[PDB]
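This document opens with one chain alone, in structure tokens, the form deposited in one PDB entry.
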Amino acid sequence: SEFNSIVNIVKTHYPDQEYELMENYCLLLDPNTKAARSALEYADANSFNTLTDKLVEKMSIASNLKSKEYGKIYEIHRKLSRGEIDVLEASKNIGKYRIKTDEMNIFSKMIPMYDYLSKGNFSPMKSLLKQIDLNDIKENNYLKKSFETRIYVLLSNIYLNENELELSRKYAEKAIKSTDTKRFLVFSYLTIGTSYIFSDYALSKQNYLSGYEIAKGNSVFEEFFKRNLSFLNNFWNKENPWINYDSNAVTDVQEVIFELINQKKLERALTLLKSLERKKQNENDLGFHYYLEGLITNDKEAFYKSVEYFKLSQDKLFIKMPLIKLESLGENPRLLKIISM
């Protein structure tokens, strides 16, 4: 099709000027056209926000009915991603709108799962995913492919959080085969590394470094690796050149703390941890916060709170961390396994 052909040539013959050429081309397409519809998903799937936003504004005041719906549904997704709205506000706007497109009906169920994943709320994510059939789509084949990759990466993160890690890798490797879009490969590799964080140190670093190379240049994608490598190395007590000492973000400060413990500077770690407790953070965050306090004080109550927050978050992978500490402090292994399952 026009868009697919355009993109495939830009990629194969001008790979290094893809954004510059596609940005210009996509912004000169007529809002009402099938190509302008394919263009909006390209911009959002590649996380080209400034472009996606210009495309949404132009296609929201459009005459084609499919082009106007796309802009309206994505407008909510862009507001949820930018942090202007709540997952429930978004869920309300989706029920209010009457979606006539089978395509903007599958995207509607995915729009919330992205906020759910970002804020440690994994509980509501798996059910929505089962309301999606990509055979209900037949007019755009560019989207069905992009939505197909989008679902595999979401399904990998869902299986990762359920401790079904063989299924997580299978769905991330499927996505890596299904696409050439950078964000999907970057998030596929990141999910594979997090799936090996306890199983195999080497394979976690190999898949995290494979993603870091693809992300290189996108500072926002790079940061996901610098954070996870930083974590991987602090858990296996290894040299960690991936720590950001300049960031105030909770998840970053948590990595500075995990290093001070590995270096046995507990007084500075507990001071920095205590200042974090007052700060706004999700339930998943607090599972890690109390795991760190337990490593400094060896208080079983801290490991218990870690277990509690991981339980709320519904994180069946990272709950293993406090569970293992409790095993080594001679807590009953059978009870620890029931809390894991």
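All residue numbers refer to positions in the sequence shown, first residue = 1. Only the largest set of C-alpha atoms that superpose within 1.5 Å between the two forms is called the rigid core.
Q. Which has the higher mean CA temperature factor in the PDB entry, 23-31 or 45-53?
A. Higher mean C-alpha B-factor in the PDB entry: 23-31.
Q: With reference to the PDB entry, specify whether the mean Cα temperature factor is higher for 57-65 or for 293-301.
A: Per the PDB entry, the higher value belongs to 57-65.
Q: Going by the CA temperature factor in the entry, name the top one among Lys226, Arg183, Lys144, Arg169.
A: Reading the PDB entry, the winner on C-alpha B-factor is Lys144.
Q. In this PDB entry, which of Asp133, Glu173, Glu162, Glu255 has the top CA B-factor?
A. Of the options given, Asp133 has the highest CA B-factor in the PDB entry.
Q | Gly211 - which third its CA temperature factor falls in, relative to the rest of the chain | A | Bottom third by C-alpha B-factor.
**Q.** B-factor third for the C-alpha atom of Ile319 within its chain
**A.** For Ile319, the deposited C-alpha B-factor lands in the lowest third.
**Q.** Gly95 - which third its CA temperature factor falls in, relative to the rest of the chain
**A.** Within its chain, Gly95 is a highest-third residue by C-alpha B-factor, going by the deposited values.
Q: Using the B-factors in the PDB entry, rank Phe107's C-alpha atom against the chain and give the third, lowest, middle or highest.
A: CA B-factor rank for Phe107: middle third.
Q: Taking the values exactly as deposited, rank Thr12 by C-alpha B-factor within its chain and report the matching third: lowest, middle or highest.
A: Highest third, going by the recorded CA B-factors of the chain.
There is also a form deposited in another entry; it is not shown, and the following applies to it.
Q) Just one of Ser219, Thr271, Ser127, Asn248 has a CA that shifts 2 Å or more between the shown form and the other one on a core fit; which is it? A) C-alpha shift of at least 2 Å: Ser127.
Q | Shift of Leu232 between the shown form and the other one at or above 2 Å (CA, core fit) | A | The answer is no, as the C-alpha of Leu232 shifts between the shown form and the other one by less than 2 Å after core alignment.
Q.
Is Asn262 displaced by at least 2 Å at its C-alpha between the shown form and the other one when the rigid core is overlaid?
A. Moves: no, less than 2 Å.
Q. After superposition on the rigid core, does the Cα atom of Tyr152 shift by at least 2 Å between the shown form and the other one?
A. False for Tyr152: its C-alpha shift is below 2 Å.
(Q) Quick one: with a 3 Å or larger change, is the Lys177 to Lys130 CA distance smaller or larger in the other form? Answer closer or farther. (A) Closer together, by at least 3 Å.
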